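Take a look at the structure below.
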Amino acid sequence: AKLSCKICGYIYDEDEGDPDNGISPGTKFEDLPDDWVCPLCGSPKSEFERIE
Ligand SMILES: [Fe+3]
Ligand code: NA
Ligand code: NA
């Protein structure tokens, strides 16, 4: 699944992960650590929402 950051153009795709910051491809949103933030704008998990 994919989630948009409300605050910038970034999209977290679970099939991509966030590898530059230590999150492997295939990591589900539910499994991102509580201190994970948007790689571009620093917004927290509470500022992400599912998109298609
Ligand atoms: Fe962002
Ligand atoms: Na969790
Ligand atoms: Na970073």
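Letters for chains follow the order of the structure tokens (A, B, ...), residue numbers begin at 1 for each chain, and ligand numbers begin at 1 in the order shown.
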Practice task
Once DSSP has gone over the backbone, tell me which residues of chain A are in helix (DSSP H, G or I), as a ChimeraX atom specification.
Solution key: /A:19-21,29-31,45-47
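Near ligand 3, at distances of 10 Å or less and with only C-alpha atoms and all ligand atoms counted, sit the residues residues 18, 19, 20, 21, 22, 36, 37, 38, 39, 40, 41 and 42 of chain A.
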Write a file of the selected residues as a PDB file, in the first residue's frame, keeping N, CA, C and O atoms.
```
ATOM      1  N   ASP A  18      12.185   3.015   2.888  1.00  0.00           N
ATOM      2  CA  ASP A  18      12.879   4.314   3.001  1.00  0.00           C
ATOM      3  C   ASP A  18      14.379   3.953   3.238  1.00  0.00           C
ATOM      4  O   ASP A  18      14.932   4.120   4.335  1.00  0.00           O
ATOM      5  N   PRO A  19      15.001   3.364   2.201  1.00  0.00           N
ATOM      6  CA  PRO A  19      16.324   2.693   2.420  1.00  0.00           C
ATOM      7  C   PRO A  19      17.435   3.662   2.814  1.00  0.00           C
ATOM      8  O   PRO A  19      18.359   3.232   3.549  1.00  0.00           O
ATOM      9  N   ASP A  20      17.379   4.899   2.339  1.00  0.00           N
ATOM     10  CA  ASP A  20      18.497   5.824   2.682  1.00  0.00           C
ATOM     11  C   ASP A  20      18.554   6.091   4.191  1.00  0.00           C
ATOM     12  O   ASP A  20      19.637   6.455   4.729  1.00  0.00           O
ATOM     13  N   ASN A  21      17.424   5.966   4.877  1.00  0.00           N
ATOM     14  CA  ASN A  21      17.301   6.206   6.325  1.00  0.00           C
ATOM     15  C   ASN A  21      17.156   4.917   7.131  1.00  0.00           C
ATOM     16  O   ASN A  21      16.775   4.937   8.317  1.00  0.00           O
ATOM     17  N   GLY A  22      17.436   3.750   6.511  1.00  0.00           N
ATOM     18  CA  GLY A  22      17.520   2.495   7.226  1.00  0.00           C
ATOM     19  C   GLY A  22      16.212   1.653   7.317  1.00  0.00           C
ATOM     20  O   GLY A  22      16.128   0.744   8.188  1.00  0.00           O
ATOM     21  N   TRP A  36       9.889   7.254  13.215  1.00  0.00           N
ATOM     22  CA  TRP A  36      10.007   7.585  11.825  1.00  0.00           C
ATOM     23  C   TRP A  36       9.278   8.843  11.362  1.00  0.00           C
ATOM     24  O   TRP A  36       8.109   9.084  11.745  1.00  0.00           O
ATOM     25  N   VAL A  37       9.940   9.645  10.519  1.00  0.00           N
ATOM     26  CA  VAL A  37       9.373  10.846   9.951  1.00  0.00           C
ATOM     27  C   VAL A  37       9.594  10.896   8.432  1.00  0.00           C
ATOM     28  O   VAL A  37      10.460  10.204   7.876  1.00  0.00           O
ATOM     29  N   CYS A  38       8.819  11.758   7.770  1.00  0.00           N
ATOM     30  CA  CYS A  38       8.958  11.962   6.323  1.00  0.00           C
ATOM     31  C   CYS A  38      10.430  12.282   5.978  1.00  0.00           C
ATOM     32  O   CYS A  38      11.008  13.221   6.583  1.00  0.00           O
ATOM     33  N   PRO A  39      11.014  11.597   4.994  1.00  0.00           N
ATOM     34  CA  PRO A  39      12.429  11.864   4.626  1.00  0.00           C
ATOM     35  C   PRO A  39      12.657  13.257   4.051  1.00  0.00           C
ATOM     36  O   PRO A  39      13.823  13.673   4.004  1.00  0.00           O
ATOM     37  N   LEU A  40      11.621  13.937   3.529  1.00  0.00           N
ATOM     38  CA  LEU A  40      11.783  15.240   2.905  1.00  0.00           C
ATOM     39  C   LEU A  40      11.479  16.405   3.862  1.00  0.00           C
ATOM     40  O   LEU A  40      12.199  17.416   3.884  1.00  0.00           O
ATOM     41  N   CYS A  41      10.374  16.294   4.648  1.00  0.00           N
ATOM     42  CA  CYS A  41       9.906  17.440   5.440  1.00  0.00           C
ATOM     43  C   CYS A  41       9.864  17.166   6.962  1.00  0.00           C
ATOM     44  O   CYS A  41       9.476  18.072   7.731  1.00  0.00           O
ATOM     45  N   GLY A  42      10.216  15.943   7.419  1.00  0.00           N
ATOM     46  CA  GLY A  42      10.262  15.699   8.865  1.00  0.00           C
ATOM     47  C   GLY A  42       8.918  15.517   9.560  1.00  0.00           C
ATOM     48  O   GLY A  42       8.907  15.405  10.803  1.00  0.00           O
TER      49      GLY A  42
END
```
Listing only residues of chain A within 12 Å of ligand 1, what is the closest atom pair and its distance in Å (to one decimal) for each, using only C-alpha atoms and all ligand atoms, sorted by chain and residue number ascending, as a tab-separated table?
```
residue	atom	partner	partner_atom_place_in_ligand_line	distance
A:3	CA	ligand 1	1 (Fe)	10.7
A:4	CA	ligand 1	1 (Fe)	8.1
A:5	CA	ligand 1	1 (Fe)	4.7
A:6	CA	ligand 1	1 (Fe)	6.6
A:7	CA	ligand 1	1 (Fe)	5.0
A:8	CA	ligand 1	1 (Fe)	4.1
A:9	CA	ligand 1	1 (Fe)	6.4
A:10	CA	ligand 1	1 (Fe)	5.3
A:11	CA	ligand 1	1 (Fe)	8.0
A:12	CA	ligand 1	1 (Fe)	9.5
A:36	CA	ligand 1	1 (Fe)	11.5
A:37	CA	ligand 1	1 (Fe)	8.0
A:38	CA	ligand 1	1 (Fe)	4.7
A:39	CA	ligand 1	1 (Fe)	6.7
A:40	CA	ligand 1	1 (Fe)	5.2
A:41	CA	ligand 1	1 (Fe)	4.2
A:42	CA	ligand 1	1 (Fe)	6.1
A:43	CA	ligand 1	1 (Fe)	5.5
A:44	CA	ligand 1	1 (Fe)	8.4
A:45	CA	ligand 1	1 (Fe)	9.8
A:46	CA	ligand 1	1 (Fe)	11.2
A:47	CA	ligand 1	1 (Fe)	8.1
A:48	CA	ligand 1	1 (Fe)	8.3
A:49	CA	ligand 1	1 (Fe)	11.4
```
Practice task
Enumerate as a PyMOL selection string the residues within 7 Å of ligand 2, counting only C-alpha atoms and all ligand atoms.
Solution key: chain A and resi 30-33
Practice task
From a DSSP calculation on the backbone, collect every residue of range 5-37 of chain A in strand (DSSP E) and output the set as a list in words.
Solution key: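 The residues of range 5-37 of chain A classed as strand (DSSP E) are residues 5, 11, 12 and 13 of chain A.
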